[PDB]
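1. Take this sequence and fold it.
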Amino acid sequence: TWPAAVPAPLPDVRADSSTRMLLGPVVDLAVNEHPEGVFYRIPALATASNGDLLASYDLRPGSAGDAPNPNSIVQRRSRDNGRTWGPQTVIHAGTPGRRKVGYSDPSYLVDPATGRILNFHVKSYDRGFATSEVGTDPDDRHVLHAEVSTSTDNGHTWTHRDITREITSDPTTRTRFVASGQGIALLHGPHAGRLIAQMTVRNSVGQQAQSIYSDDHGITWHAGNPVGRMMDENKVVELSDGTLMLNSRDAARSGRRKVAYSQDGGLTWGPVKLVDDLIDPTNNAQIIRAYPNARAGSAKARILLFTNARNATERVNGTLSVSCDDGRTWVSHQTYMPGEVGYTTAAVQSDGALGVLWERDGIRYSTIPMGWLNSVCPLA
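-> Residues are numbered from 1 along each chain as shown. You can find the structure just below:
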């Protein structure tokens, strides 16, 4: 059995001797058809409180099918910042057959104040995102359910619970999923301590974005008010003053990301607008603070990193985008992976470099050392 996790600060980008952005070796975390008829999709990447690097994704049996294909959430771990990886472990295993259960679309949320790690994902029976019915009974086979897996030992062992009920206050909400990738712990302003992740829902209004949050460090979850229309997988990031930003996939396919702001820790959001500067093919993406610990008013606090497929129509060209100004503008886009990338994610590693994941015939990992950042967003 493993030691209990101890509180520790999230990592910040550190400087490197690199002068430009250069992908490191490509590591093949999981390869489709290894073993036969097994497919891998939907990446999540986090740095656990002990500095371990953790990669989560779906194992999909038979084909790469979404929920209700009876999937499993699996993980691999690096103790040396991406260099080498342990073998796969199961977070939660699905079961096949008439009474199939599926666990699918993972996101991490690391709490630095306690060392605990969360892995959100769906729990499916017979119904997917689109065909799920209204109802919150844990055994309802027509409901797409929300599960959270909790680890207190840096991601070695997990325990499971359905959070569907406590995050459904509008009874017409017929479906939900936490967006895969990573949520956040707030570190600044009046809501510091709050844990938060973004959902996509369908309700009587339309297909909306919706925050779920915890002020008791992950024992209970509550849903904020929903926002927007034609919303899809969206991610929340804490801006330099503790204002929150949501960055969203656009189910209407404008060719762009969508963005909204919250002044109350995700309880309420304002208007959803296009981000003209962020070309997206209607696809998942991740936005993260480069220096999460940095205080309001500093130059480090306003730096956001963003990965997506920078293309209007196709999920190709995994691109790191940089904002120096709390996401008001995007001054730099650089493709780190030409060709098919599918869903991409990124996270700051404990050595201060950036870790990335993308989908190409399974799940692939690489590292972007970060020394070159000062020349795009100066620190003084």
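
2. Quickly note the distance from the spatially closest residue to residue 171 that is not a sequence neighbour to residue 170.
-> Setting aside the residues directly before and after it, residue 171 is nearest to residue 134 in space (C-beta to C-beta, 6 or more residues apart in numbering), at 6.7 Å. All C-beta spots, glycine's among them, are computed from the backbone N, C-alpha and C. Residue 134 sits 10 Å away from residue 170 when distances are taken as C-beta to C-beta, to the nearest Å.

3. Same check on residue 358?
-> Distance of residue 358 to residue 170, given as C-beta to C-beta: 35 Å.

4. Compare those two and say which one has the larger neighbour count.
-> Neighbours were tallied for residue 358 and for residue 170 using other C-beta atoms under 10 Å; the higher tally belongs to residue 358 (24 against 16).

5. and the more buried one, that's in a strand?
-> Yes - for residue 358, which was evaluated using DSSP: H, G, I helix; E, B strand; the rest coil, the result is membership in a strand.

6. Is there a neighbour count for the nearest residue to it once chain neighbours are set aside? I'd like the number.
-> For residue 358, ignoring the flanking residues on the chain, the nearest one in space by C-beta to C-beta, 6+ apart is residue 341 at 4.1 Å. The local packing count at residue 341 equals 27, with neighbours defined by other C-beta under 10 Å.

7. neighbours of the residue nearest to residue 171, just the number please.
-> A total of 17 residues lie near residue 134 under the criterion other C-beta under 10 Å.

8. so where do the helices sit in the stretch 1-150 of the chain?
-> Secondary structure of the stretch 1-150 of the chain (DSSP state H, counting those that start in this stretch): no helices present.

9. same deal with the stretch 151-300 of the chain?
-> For the stretch 151-300 of the chain, helices defined by DSSP H, counting those that start in this stretch do not occur.

10. any idea how far the nearest residue to residue 154 once chain neighbours are set aside lies from residue 277?
-> Setting aside the residues directly before and after it, residue 154 is nearest to residue 48 in space (C-beta to C-beta, 6+ apart), at 4.4 Å. Counting by C-beta to C-beta, the gap between residue 48 and residue 277 amounts to 33 Å.

11. Which of these two has more residues huddled nearby?
-> In this comparison of residue 48 against residue 277, neighbours counted by other C-beta under 10 Å, the higher total goes to residue 48 at 23 against 15.
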